[PDB]
Amino acid sequence: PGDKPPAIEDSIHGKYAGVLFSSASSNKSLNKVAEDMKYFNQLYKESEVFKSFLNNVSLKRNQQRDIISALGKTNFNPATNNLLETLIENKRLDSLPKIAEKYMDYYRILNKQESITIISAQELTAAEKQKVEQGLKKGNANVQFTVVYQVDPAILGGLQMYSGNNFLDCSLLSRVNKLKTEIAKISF
Amino acid sequence: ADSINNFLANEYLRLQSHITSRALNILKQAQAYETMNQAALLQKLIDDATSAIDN
């Protein structure tokens with residue numbers, strides 16, 4: 001997709017993840033590295049020793065290299081192996097988790113599927129929810145999506161949709177405030 | 001003689017200004033009160049509208 005990550009950032013983990021995304025997407029593969037990075041994230045939180053190993057800084061470079069090999073020398077894309085070697089050489093191994101997370105983020109941005117959250121005061125009847133799906137479809141009409149619901153507002157009879165990074169307010173509470181403000185400014 | 005004549009003349013002018021100024025201030029003050037009355041009536045109307053929304 002133009003060998004260009006979604007975003008460019010100067011942070012340590014951001015810099016490495018962008019290079020990995022570019023390099024990976026360059027040769028052929030991104031999904032393979034995604035599983036590798038996803039595996040590291042799950043392991044970083046599930047295995048206590050692995051977390052202590054990464055954070056450990058008194059460890060020598062050769063020692064870090066041997067332990068990584070013991071983990072696994074295969075089932076990791078060559079880019080991932082080269083990335084680990086570079087991190088060991090640059091003493092950046094401690095930041096390996098963040099990189100992983102960050103990478104998946106970018107990957108999840110490339111994912112077309114998105115989750116839409118609707119906020120309404122009144123409980124949404126199943127029949128009403130089906131109508132809402134029809135409206136969201138007709139609005140997009142070209143992308144499949146998963147819907148989520150949430151009802152604990154102060155607004156009433158209003159719908160507010162959150163879609164990843166966009167917010168659309170159809171709440172009646174907004175209408176109430178707007179009218180009370182404009183009526184005040186009549187300047188009769 | 002001339003001083004009293006000049007005194008009466010200038011005093012007559014001052015009294016004329018005083019009477020016209022009073023006649024003008026009364027009417028202007030009335031107009032201000034009238035505008036306030038009209039504004040209060042309309043403000044009452046707007047408050048009923050806001051109360052309808054609340055209801």
# chains A, B, ... in the order shown; residues from 1 in each chain; ligands from 1
call {"tool": "select_by_dssp", "arguments": {"residues": "stretch 72-112 of chain A", "states": "alpha helix (DSSP H)", "output": "list in words"}}
result
residues 78, 79, 80, 81, 82, 83, 84, 85, 86, 87, 88, 89, 96, 97, 98, 99, 100, 101, 102, 103, 104, 105, 106, 107, 108, 109 and 110 of chain A
call {"tool": "interface_residues", "arguments": {"of": "chain A", "to": "chain B", "cutoff": "10 Å", "atoms": "only C-alpha atoms", "output": "PyMOL selection string"}}
result
chain A and resi 176+179-180+183-184+186-188
call {"tool": "residues_around", "arguments": {"residues": "stretch 94-102 of chain A", "least_positions_apart": "5", "cutoff": "7 Å", "atoms": "only C-alpha atoms", "output": "PyMOL selection string"}}
result
chain A and resi 13-14+16-17+37-38+41+54-55
call {"tool": "residues_around", "arguments": {"residues": "residue A:36", "least_positions_apart": "6", "cutoff": "10 Å", "atoms": "only C-alpha atoms", "output": "list in words"}}
result
residues 75, 76, 77, 80 and 100 of chain A
call {"tool": "residues_around", "arguments": {"residues": "residue A:161", "least_positions_apart": "5", "cutoff": "9 Å", "atoms": "only C-alpha atoms", "output": "short mmCIF file (atom, residue, chain, number, x, y, z; two decimals) with N, CA, C and O atoms, in the first residue's frame"}}
result
data_model
loop_
_atom_site.label_atom_id
_atom_site.label_comp_id
_atom_site.auth_asym_id
_atom_site.auth_seq_id
_atom_site.Cartn_x
_atom_site.Cartn_y
_atom_site.Cartn_z
N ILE A 116 -18.85 0.52 16.10
CA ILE A 116 -19.65 1.73 16.29
C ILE A 116 -20.42 1.62 17.59
O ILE A 116 -21.10 0.61 17.83
N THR A 117 -20.32 2.64 18.43
CA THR A 117 -20.98 2.68 19.73
C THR A 117 -22.08 3.75 19.72
O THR A 117 -21.82 4.90 19.36
N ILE A 118 -23.28 3.35 20.12
CA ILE A 118 -24.44 4.24 20.18
C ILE A 118 -24.83 4.46 21.64
O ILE A 118 -25.00 3.49 22.39
N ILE A 119 -24.97 5.72 22.03
CA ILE A 119 -25.37 6.10 23.38
C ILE A 119 -26.77 6.68 23.33
O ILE A 119 -27.03 7.66 22.62
N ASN A 166 -14.66 9.40 14.96
CA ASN A 166 -15.67 10.38 14.59
C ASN A 166 -16.83 10.32 15.57
O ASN A 166 -17.19 9.25 16.05
N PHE A 167 -17.41 11.49 15.85
CA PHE A 167 -18.52 11.62 16.78
C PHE A 167 -19.62 12.43 16.13
O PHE A 167 -19.37 13.52 15.60
N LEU A 168 -20.84 11.89 16.16
CA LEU A 168 -22.00 12.54 15.57
C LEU A 168 -23.10 12.60 16.61
O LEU A 168 -23.57 11.56 17.09
N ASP A 169 -23.51 13.81 16.97
CA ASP A 169 -24.48 14.03 18.03
C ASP A 169 -25.83 14.38 17.43
O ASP A 169 -25.99 15.43 16.80
N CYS A 170 -26.81 13.50 17.65
CA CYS A 170 -28.20 13.74 17.30
C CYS A 170 -29.05 13.87 18.55
O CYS A 170 -30.28 13.76 18.49
#
call {"tool": "atom_distance", "arguments": {"atom1": "atom CA of residue B:34", "atom2": "atom CA of residue B:19"}}
result
22.8 Å
call {"tool": "residues_around", "arguments": {"residues": "stretch 87-90 of chain A", "least_positions_apart": "4", "cutoff": "8 Å", "atoms": "only C-alpha atoms", "output": "list in words"}}
result
residues 61, 64, 65, 83 and 96 of chain A
call {"tool": "residues_around", "arguments": {"residues": "stretch 126-131 of chain A", "least_positions_apart": "5", "cutoff": "10 Å", "atoms": "only C-alpha atoms", "output": "PyMOL selection string"}}
result
chain A and resi 136-137+147+149
call {"tool": "atom_distance", "arguments": {"atom1": "atom CA of residue A:112", "atom2": "atom CA of residue A:20"}}
result
21.1 Å
call {"tool": "select_by_dssp", "arguments": {"residues": "stretch 55-154 of chain A", "states": "strand (DSSP E)", "output": "PyMOL selection string"}}
result
chain A and resi 115-119+146-150
call {"tool": "atom_distance", "arguments": {"atom1": "atom CA of residue A:182", "atom2": "atom CA of residue A:151"}}
result
29.0 Å
call {"tool": "decode", "arguments": {"residues": "stretch 9-44 of chain B", "atoms": "N, CA and C atoms", "output": "short mmCIF file (atom, residue, chain, number, x, y, z; two decimals), in the first residue's frame"}}
result
data_model
loop_
_atom_site.label_atom_id
_atom_site.label_comp_id
_atom_site.auth_asym_id
_atom_site.auth_seq_id
_atom_site.Cartn_x
_atom_site.Cartn_y
_atom_site.Cartn_z
N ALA B 9 -33.18 89.90 31.38
CA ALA B 9 -33.11 89.25 30.08
C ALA B 9 -32.41 87.90 30.19
N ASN B 10 -31.20 87.88 30.76
CA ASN B 10 -30.47 86.63 30.88
C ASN B 10 -31.20 85.66 31.80
N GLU B 11 -31.88 86.19 32.83
CA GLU B 11 -32.63 85.33 33.74
C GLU B 11 -33.84 84.73 33.04
N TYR B 12 -34.49 85.52 32.18
CA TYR B 12 -35.60 85.00 31.40
C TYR B 12 -35.14 83.87 30.49
N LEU B 13 -33.99 84.04 29.85
CA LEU B 13 -33.44 82.97 29.02
C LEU B 13 -33.16 81.72 29.85
N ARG B 14 -32.60 81.88 31.05
CA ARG B 14 -32.30 80.73 31.88
C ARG B 14 -33.57 80.00 32.28
N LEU B 15 -34.63 80.74 32.59
CA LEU B 15 -35.89 80.12 32.95
C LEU B 15 -36.50 79.37 31.77
N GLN B 16 -36.40 79.95 30.57
CA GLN B 16 -36.90 79.25 29.39
C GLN B 16 -36.18 77.93 29.19
N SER B 17 -34.85 77.92 29.36
CA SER B 17 -34.11 76.67 29.24
C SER B 17 -34.56 75.68 30.30
N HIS B 18 -34.80 76.16 31.52
CA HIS B 18 -35.23 75.28 32.60
C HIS B 18 -36.58 74.65 32.31
N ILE B 19 -37.52 75.42 31.76
CA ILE B 19 -38.84 74.89 31.48
C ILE B 19 -38.79 73.88 30.34
N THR B 20 -38.12 74.24 29.24
CA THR B 20 -38.02 73.31 28.12
C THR B 20 -37.27 72.06 28.52
N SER B 21 -36.21 72.21 29.32
CA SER B 21 -35.44 71.05 29.75
C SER B 21 -36.30 70.12 30.59
N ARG B 22 -37.11 70.68 31.48
CA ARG B 22 -38.02 69.84 32.26
C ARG B 22 -39.04 69.18 31.35
N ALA B 23 -39.62 69.94 30.43
CA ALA B 23 -40.61 69.37 29.52
C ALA B 23 -40.00 68.30 28.65
N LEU B 24 -38.72 68.44 28.31
CA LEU B 24 -38.05 67.43 27.50
C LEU B 24 -37.67 66.21 28.33
N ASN B 25 -37.20 66.43 29.56
CA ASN B 25 -36.78 65.31 30.40
C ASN B 25 -37.97 64.44 30.79
N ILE B 26 -39.11 65.06 31.09
CA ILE B 26 -40.29 64.29 31.45
C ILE B 26 -40.66 63.33 30.33
N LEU B 27 -40.68 63.84 29.10
CA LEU B 27 -41.08 63.00 27.98
C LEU B 27 -40.05 61.92 27.70
N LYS B 28 -38.76 62.26 27.78
CA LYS B 28 -37.72 61.26 27.58
C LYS B 28 -37.77 60.19 28.66
N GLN B 29 -37.99 60.59 29.91
CA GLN B 29 -38.06 59.61 30.99
C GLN B 29 -39.26 58.70 30.80
N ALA B 30 -40.38 59.26 30.35
CA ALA B 30 -41.55 58.45 30.05
C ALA B 30 -41.24 57.41 28.98
N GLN B 31 -40.58 57.84 27.90
CA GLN B 31 -40.25 56.91 26.82
C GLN B 31 -39.38 55.77 27.33
N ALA B 32 -38.42 56.07 28.19
CA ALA B 32 -37.57 55.01 28.73
C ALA B 32 -38.40 54.00 29.50
N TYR B 33 -39.32 54.48 30.33
CA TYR B 33 -40.19 53.58 31.08
C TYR B 33 -41.03 52.73 30.14
N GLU B 34 -41.52 53.33 29.05
CA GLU B 34 -42.33 52.58 28.10
C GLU B 34 -41.54 51.46 27.44
N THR B 35 -40.30 51.75 27.04
CA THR B 35 -39.47 50.70 26.45
C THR B 35 -39.24 49.57 27.45
N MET B 36 -39.03 49.92 28.72
CA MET B 36 -38.84 48.89 29.73
C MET B 36 -40.10 48.06 29.92
N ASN B 37 -41.26 48.70 29.86
CA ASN B 37 -42.51 47.96 29.97
C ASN B 37 -42.66 46.98 28.82
N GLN B 38 -42.42 47.43 27.59
CA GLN B 38 -42.52 46.55 26.44
C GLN B 38 -41.53 45.40 26.53
N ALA B 39 -40.29 45.69 26.93
CA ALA B 39 -39.29 44.65 27.06
C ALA B 39 -39.69 43.62 28.11
N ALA B 40 -40.26 44.07 29.22
CA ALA B 40 -40.67 43.14 30.26
C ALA B 40 -41.77 42.22 29.77
N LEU B 41 -42.71 42.75 28.98
CA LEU B 41 -43.77 41.92 28.44
C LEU B 41 -43.21 40.83 27.54
N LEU B 42 -42.30 41.20 26.64
CA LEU B 42 -41.70 40.21 25.75
C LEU B 42 -40.85 39.21 26.53
N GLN B 43 -40.14 39.67 27.56
CA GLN B 43 -39.35 38.76 28.37
C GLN B 43 -40.25 37.72 29.04
N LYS B 44 -41.43 38.14 29.48
CA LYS B 44 -42.39 37.20 30.04
C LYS B 44 -42.79 36.15 29.02
#
